[PDB]
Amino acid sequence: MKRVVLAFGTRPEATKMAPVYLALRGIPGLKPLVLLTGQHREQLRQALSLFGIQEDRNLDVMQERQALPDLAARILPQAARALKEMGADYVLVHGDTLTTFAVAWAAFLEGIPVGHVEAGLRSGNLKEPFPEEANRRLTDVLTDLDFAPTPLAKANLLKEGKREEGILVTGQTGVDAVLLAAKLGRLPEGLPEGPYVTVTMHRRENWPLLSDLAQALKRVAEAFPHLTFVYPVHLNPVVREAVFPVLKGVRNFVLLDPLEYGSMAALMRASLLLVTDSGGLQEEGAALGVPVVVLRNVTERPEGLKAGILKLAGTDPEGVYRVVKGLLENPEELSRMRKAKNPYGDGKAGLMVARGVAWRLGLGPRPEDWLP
């Protein structure tokens, strides 16, 4: 039995790796194992529990901020020992954290092949993001197999000296993850009957406009009394103090505290539309086929704005009210959005990663690139 160790330390990483773990379990001759490398073991176990996954080993790390050189030095030796003791035949890492490179380097120094999930993304500037851009580039120098989420990612890797045979375009495992989480998660309790409209103004950008936006949300809720608007506020002093004094009295509105990945996925899934200012929650909406209205007017990947998935409602208070209201009064246009083709993946990226690993371990054939 070949052992494949997935090493990660944050909840976002855990959710993106869960589909990979699940697909590996379905391959004969392979056994997936999880090595936690972060802080907050309870939070990670909770995140993994949504998918019925428990870790196999945990590294010993400090619970607060540590100087980067000290963090790397603390992870390296531990990681090398953990990977050898776990009997790893292959190691999968994800993302661009310092911890991720340290684990990849430990594996390489121990002669264990490394696969990098969601690899190839580049800014072209080592000073931004710091030290993430360097972390991912360093990690890719050592990778046996790069799992690029897009054709562009593959192009980047090819310009850095990576061989085509060592690159597999898989699409985003995040797509697989949210689709599954939507089914596994449970809606917030106590919520009224639907239809629902999920609202989440997370971005710390619109600090001032936050109030005006809330005023617009109140008026749209009045324009749609037969619709329930669920809004999980970040219980932040600056945020709460700006939205609650405006929405608290709206019987049509439901204010909740931050939700967990599974619950938020289920809520979005059970919603007719998503109103947000977060790029992350916009991509999840795309995978779920849920229409999204971004409270912006530019920036980001026009991939989704390439018609379908999302639409911009600008920052203008009155403009937003009209954009959203116009949509909720146009459901059949919202139907055109839900049927939009997902440009981020087919929900089988996790399976492709697992098959790629099986191929490297001589257990199966090389899968073919995912095509948008």
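Residues carry their position along the shown sequence, with the first being 1.
A summary of the deposited B-factors shows that, of 111-119 and 152-160, the stretch with the larger mean C-alpha value is 152-160.
Stretches 283-291 and 102-110 differ in mean CA B factor, with 283-291 having the higher one. Among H40, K31, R57, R322, the highest C-alpha B-factor in the deposited entry belongs to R322. You'll see in the entry that, of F244, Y261, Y90, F130, the Cα B factor peaks at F244. Annotation for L35: C-alpha temperature factor in the lowest third relative to the rest of the modelled chain, per the entry. Among all modelled residues in its chain, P208 ranks in the highest third by Cα B-factor.
The deposited CA B-factor of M337 belongs to the highest third of values across its chain. Remark: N135 belongs to the lowest third of its chain, ranked by C-alpha B-factor as recorded. In the PDB entry, a CA B factor belonging to the highest third of its chain's modelled residues is recorded for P317.
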